[PDB]
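K.L.:
Input upload32.cif, format and content: mmCIF, C-alpha atoms and all ligand atoms.
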```
data_query
loop_
_atom_site.group_PDB
_atom_site.id
_atom_site.type_symbol
_atom_site.label_atom_id
_atom_site.label_comp_id
_atom_site.auth_asym_id
_atom_site.auth_seq_id
_atom_site.Cartn_x
_atom_site.Cartn_y
_atom_site.Cartn_z
ATOM 1 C CA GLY A 68 0.145 -5.209 15.451
ATOM 2 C CA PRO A 69 3.256 -6.939 14.095
ATOM 3 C CA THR A 70 1.391 -9.519 12.012
ATOM 4 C CA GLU A 71 -0.682 -6.920 10.212
ATOM 5 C CA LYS A 72 2.275 -4.567 9.667
ATOM 6 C CA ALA A 73 4.366 -7.290 8.132
ATOM 7 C CA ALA A 74 1.545 -8.638 5.953
ATOM 8 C CA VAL A 75 0.608 -5.228 4.522
ATOM 9 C CA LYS A 76 4.268 -4.397 3.859
ATOM 10 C CA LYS A 77 4.731 -7.771 2.109
ATOM 11 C CA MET A 78 1.839 -6.899 -0.223
ATOM 12 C CA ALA A 79 3.378 -3.481 -0.819
ATOM 13 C CA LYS A 80 6.697 -5.145 -1.717
ATOM 14 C CA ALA A 81 4.846 -7.389 -4.192
ATOM 15 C CA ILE A 82 3.585 -4.215 -5.946
ATOM 16 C CA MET A 83 7.091 -2.744 -5.871
ATOM 17 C CA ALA A 84 8.419 -5.865 -7.617
ATOM 18 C CA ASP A 85 5.550 -6.050 -10.144
ATOM 19 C CA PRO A 86 3.623 -2.814 -10.820
ATOM 20 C CA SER A 87 0.885 -4.820 -12.486
ATOM 21 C CA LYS A 88 -0.145 -6.402 -9.161
ATOM 22 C CA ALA A 89 -1.298 -3.068 -7.741
ATOM 23 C CA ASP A 90 -5.038 -3.378 -8.364
ATOM 24 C CA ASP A 91 -5.091 -6.948 -6.958
ATOM 25 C CA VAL A 92 -3.672 -5.597 -3.694
ATOM 26 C CA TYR A 93 -5.637 -2.350 -3.572
ATOM 27 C CA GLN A 94 -8.913 -4.269 -4.063
ATOM 28 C CA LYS A 95 -7.943 -6.345 -1.008
ATOM 29 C CA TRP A 96 -6.950 -3.303 1.054
ATOM 30 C CA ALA A 97 -10.211 -1.544 0.247
ATOM 31 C CA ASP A 98 -12.187 -4.626 1.321
ATOM 32 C CA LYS A 99 -10.077 -4.650 4.534
ATOM 33 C CA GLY A 100 -10.952 -0.991 5.197
ATOM 34 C CA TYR A 101 -7.498 0.588 5.053
ATOM 35 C CA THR A 102 -7.484 4.373 4.640
ATOM 36 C CA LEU A 103 -4.621 6.295 3.041
ATOM 37 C CA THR A 104 -3.676 7.772 6.491
ATOM 38 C CA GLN A 105 -3.593 4.331 8.012
ATOM 39 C CA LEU A 106 -1.599 2.854 5.108
ATOM 40 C CA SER A 107 1.362 5.012 5.822
ATOM 41 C CA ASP A 108 1.899 3.148 9.152
ATOM 42 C CA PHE A 109 2.688 0.017 7.124
ATOM 43 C CA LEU A 110 5.036 1.852 4.665
ATOM 44 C CA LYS A 111 7.826 3.069 6.967
ATOM 45 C CA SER A 112 11.379 2.803 5.713
ATOM 46 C CA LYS A 113 14.913 4.063 6.381
ATOM 47 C CA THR A 114 14.890 4.945 2.676
ATOM 48 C CA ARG A 115 13.044 8.204 2.073
ATOM 49 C CA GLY A 116 10.077 7.611 -0.198
ATOM 50 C CA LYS A 117 10.730 3.897 -0.630
ATOM 51 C CA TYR A 118 7.056 2.922 -1.003
ATOM 52 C CA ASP A 119 5.796 6.173 -2.529
ATOM 53 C CA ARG A 120 4.569 4.316 -5.648
ATOM 54 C CA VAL A 121 2.440 2.067 -3.441
ATOM 55 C CA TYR A 122 1.032 5.067 -1.499
ATOM 56 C CA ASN A 123 0.416 7.030 -4.733
ATOM 57 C CA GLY A 124 -1.327 4.121 -6.451
ATOM 58 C CA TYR A 125 -3.666 3.597 -3.496
ATOM 59 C CA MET A 126 -4.472 7.324 -3.417
ATOM 60 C CA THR A 127 -5.417 7.082 -7.111
ATOM 61 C CA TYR A 128 -7.404 3.883 -6.545
ATOM 62 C CA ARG A 129 -9.381 5.439 -3.665
ATOM 63 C CA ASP A 130 -9.554 9.136 -4.559
ATOM 64 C CA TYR A 131 -9.145 9.698 -8.304
ATOM 65 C CA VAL A 132 -12.425 10.681 -9.980
HETATM 66 CL CL CL B 1 -1.946 -7.870 14.074
HETATM 67 CL CL CL B 2 9.705 2.041 -8.372
#
```
How does this structure look as structure tokens?
Ligand SMILES: [Cl-]
Ligand SMILES: [Cl-]

P.N.:
Amino acid sequence: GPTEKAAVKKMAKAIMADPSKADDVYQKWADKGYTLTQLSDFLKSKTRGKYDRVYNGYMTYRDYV
């Protein structure tokens, strides 16, 4: 719900502001169980692609071999 959406987006914005924070956040998201499909629901924007770096980094974290 609203609390979760806002909290996940705030963490995404922290990665946007500081690329080096990504693994701190992705570790947390993995422990929280978020899938890549699900993540998208927290990365909506009026700006096309705004959080693509966040999405892409989590795909690498989860799915890169
Ligand atoms: Cl919630
Ligand atoms: Cl960027």

K.L.:
When you count all atoms listed in the file, which of these residues is closest to ligand CL 1 (chain B): A:90, A:109, A:117, A:78?

P.N.:
A:109

K.L.:
Can you check which parts of chain A lie within 8 Å of ligand CL 2 (chain B)? Per residue, the shortest pair of atoms and distance in Å to one decimal, counting only C-alpha atoms and all ligand atoms, sorted by chain and number, as JSON lines.

P.N.:
```
{"residue": "A:83", "atom": "CA", "partner": "B:CL2", "partner_atom": "CL", "distance": 6.0}
{"residue": "A:118", "atom": "CA", "partner": "B:CL2", "partner_atom": "CL", "distance": 7.9}
{"residue": "A:120", "atom": "CA", "partner": "B:CL2", "partner_atom": "CL", "distance": 6.2}
```

K.L.:
Put a box with edges along x, y and z around all the listed atoms of range 88-98 of chain A, pad it by 6 Å on each side, then give me its centre and sizes in Å, one decimal, as AutoDock Vina command-line options.

P.N.:
```
--center_x -6.2 --center_y -4.2 --center_z -3.9 --size_x 24.0 --size_y 17.4 --size_z 22.5
```

K.L.:
Go ahead and compute the interatomic distance for CA of residue 69 in chain A and CA of residue 87 in chain A, in Å to one decimal.

P.N.:
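Value for the CA of residue 69 in chain A-CA of residue 87 in chain A distance: 26.8 Å.
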
K.L.:
Go through chain A residue by residue and, counting all atoms listed in the file, keep those with an atom at most 6 Å from ligand CL 1 (chain B); for each kept residue give the shortest atom pair and its distance in Å to one decimal, ordered by chain and increasing number, as CSV.

P.N.:
```
residue,atom,partner,partner_atom,distance
A:68,CA,B:CL1,CL,3.7
A:69,CA,B:CL1,CL,5.3
A:70,CA,B:CL1,CL,4.3
A:71,CA,B:CL1,CL,4.2
```

K.L.:
Expand the PyMOL selection byres (((chain A and resi 107) around 12) and not hetatm) into the explicit residue set it covers here, and present it as a list in words.

P.N.:
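For this structure, the PyMOL selection byres (((chain A and resi 107) around 12) and not hetatm) resolves to residues 72, 75, 76, 79, 101, 102, 103, 104, 105, 106, 108, 109, 110, 111, 112, 116, 117, 118, 119, 120, 121, 122, 123, 125 and 126 of chain A.
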
K.L.:
Please indicate the distance in Å from CA of residue 80 in chain A to CA of residue 93 in chain A, rounded to one decimal place.

P.N.:
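Distance reported for this atom pair: 12.8 Å.
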
K.L.:
Counting all atoms listed in the file, what is within 12 Å of residue 91 in chain A, bar same-chain residues fewer than 2 positions away, as a list in words?

P.N.:
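So, after excluding close chain neighbours, the residues are residues 78, 79, 81, 82, 85, 86, 87, 88, 89, 93, 94, 95, 96, 97, 98, 124, 125 and 128 of chain A.
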
K.L.:
Filtering to C-alpha atoms, could you give me those residues as a short mmCIF file (atom, residue, chain, number, x, y, z; two decimals), in the coordinates of the input?

P.N.:
```cif
data_model
loop_
_atom_site.label_atom_id
_atom_site.label_comp_id
_atom_site.auth_asym_id
_atom_site.auth_seq_id
_atom_site.Cartn_x
_atom_site.Cartn_y
_atom_site.Cartn_z
CA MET A 78 1.84 -6.90 -0.22
CA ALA A 79 3.38 -3.48 -0.82
CA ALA A 81 4.85 -7.39 -4.19
CA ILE A 82 3.58 -4.22 -5.95
CA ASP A 85 5.55 -6.05 -10.14
CA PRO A 86 3.62 -2.81 -10.82
CA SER A 87 0.88 -4.82 -12.49
CA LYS A 88 -0.14 -6.40 -9.16
CA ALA A 89 -1.30 -3.07 -7.74
CA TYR A 93 -5.64 -2.35 -3.57
CA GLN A 94 -8.91 -4.27 -4.06
CA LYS A 95 -7.94 -6.34 -1.01
CA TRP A 96 -6.95 -3.30 1.05
CA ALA A 97 -10.21 -1.54 0.25
CA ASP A 98 -12.19 -4.63 1.32
CA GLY A 124 -1.33 4.12 -6.45
CA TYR A 125 -3.67 3.60 -3.50
CA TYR A 128 -7.40 3.88 -6.54
#
```
